[PDB]
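Some notes on the structure that comes next.
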Amino acid sequence: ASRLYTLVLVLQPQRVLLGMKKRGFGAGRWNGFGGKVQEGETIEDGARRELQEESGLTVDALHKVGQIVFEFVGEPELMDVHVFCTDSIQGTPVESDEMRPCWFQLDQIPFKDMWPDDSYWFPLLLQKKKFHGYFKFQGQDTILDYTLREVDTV
Ligand SMILES: Cc1cc(OCCCO)nc(N)n1
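Note that full-length UniProt numbering has the sequence shown beginning at 3, numbered continuously upward.
Next comes the structure, spelled out in structure tokens:
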């Protein structure tokens, strides 16, 4: 009972790009760029498409960094999130009515204004580690339990 999602982090040596969502899933939080994978579309193509739709950036090389499954108690569908990273992009981030992008210095990541699970796996992401994770939520703010392991292959 899982649904595929992508999440792209534009991570450069001294900064990361995040987008403040204006409405829908994750509204009011800084997030990476992503969404549902379409019929007949590979996970990687879905990740490239979402990055452009949401941030206006064109990604050249994408690297698979993680897989995280999210469960919301009472919600049947698990989110199977395939996490990607890039340092090679083209264009300038575009602010739209749906998304407000901003660059953050690595020591200034806004964890208090991000999904709570991010505080757990972003430190791995920053140290170029790959991971498999699972987070059980009750509502949007509480993590009931989780698992998070470093892996050699995503
Ligand atoms: C609970 C949760 C879900 C999520 O979903 C990202 C899917 C791509 O839009 N991303 C995070 N960081 N946390």
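Ideal Cβ placement from N, Cα and C applies to all residues, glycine included.
Per-residue DSSP class, three states only, for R25:
Numbered from 1 along the sequence shown, position 23 holds the residue referred to as residue 25. In the structure shown, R25 sits in coil (DSSP, three-state: anything other than H, G, I, E or B).
**Asked** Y7: beta carbon under 8 Å from a heavy atom of ligand 1?
**Response** Counting from one through the sequence shown, the residue named residue 7 turns up at place 5. Yes, the beta carbon of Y7 sits closer than 8 Å to at least one heavy atom of ligand 1.
Contacts around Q142, its chain only, beta-carbon distance under 7 Å, and the 5 residues preceding and following it disregarded: Walking along the sequence shown from the start, residue 142 turns up at place 140. Excluding sequence neighbours, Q142 sits near nothing in its chain.
Straight-line Cα distance separating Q107 from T94: Here residue 94 corresponds to residue number 92 of the sequence shown, with the count starting at 1. Here residue 107 corresponds to residue number 105 of the sequence shown, with the count starting at 1. So the two alpha carbons sit approximately 17 Å from each other.
Q.
So, at 6 Å on beta carbons, what are the nonlocal neighbours of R102 in its own chain, with the 5 sequence-adjacent residues on each side left out?
A. Stepping through the sequence shown from its first residue, residue 102 is reached at position 100. Excluding residues within five positions, the ones whose Cβ falls inside 6 Å are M22.
**Report entry** Simplified DSSP state of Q40, which is helix, strand or coil
**Finding:** Residue 40 sits at position 38 when you count from the first residue of the sequence shown. If DSSP states are grouped into helix, strand and coil, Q40 belongs with coil.
Closest to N33 by C-alpha separation, out of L64, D62 and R25, would be which residue? The sequence position of residue 33 within the sequence shown is 31, counting from 1. Residue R25 is the option with its Cα nearest to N33.
**Expected contact under 8 Å - CB spacing of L59 and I111 to nearest Å** = Within the sequence shown, the letter at position 57 stands for residue 59. Within the sequence shown, the letter at position 109 stands for residue 111. In this structure, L59 and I111 do not form a Cβ contact; the two beta carbons are roughly 19 Å apart against a cut-off of 8 Å.
Q) Any heavy atom of ligand 1 closer than 8 Å to the Cβ of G68? A) The count along the sequence shown starts at 1 and reaches residue 68 at position 66. Checking the Cβ of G68 against ligand 1 gives no.
Those residues which DSSP pairs with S4 across a bridge | In the sequence shown, counting from the first residue as 1, residue 4 sits at position 2. BP columns for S4 point to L80.
Pair within 9 Å by beta-carbon distance, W105 and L11
Locating residue 105 in the sequence shown gives position 103, counting from the first residue. Locating residue 11 in the sequence shown gives position 9, counting from the first residue. No. Outside cutoff.
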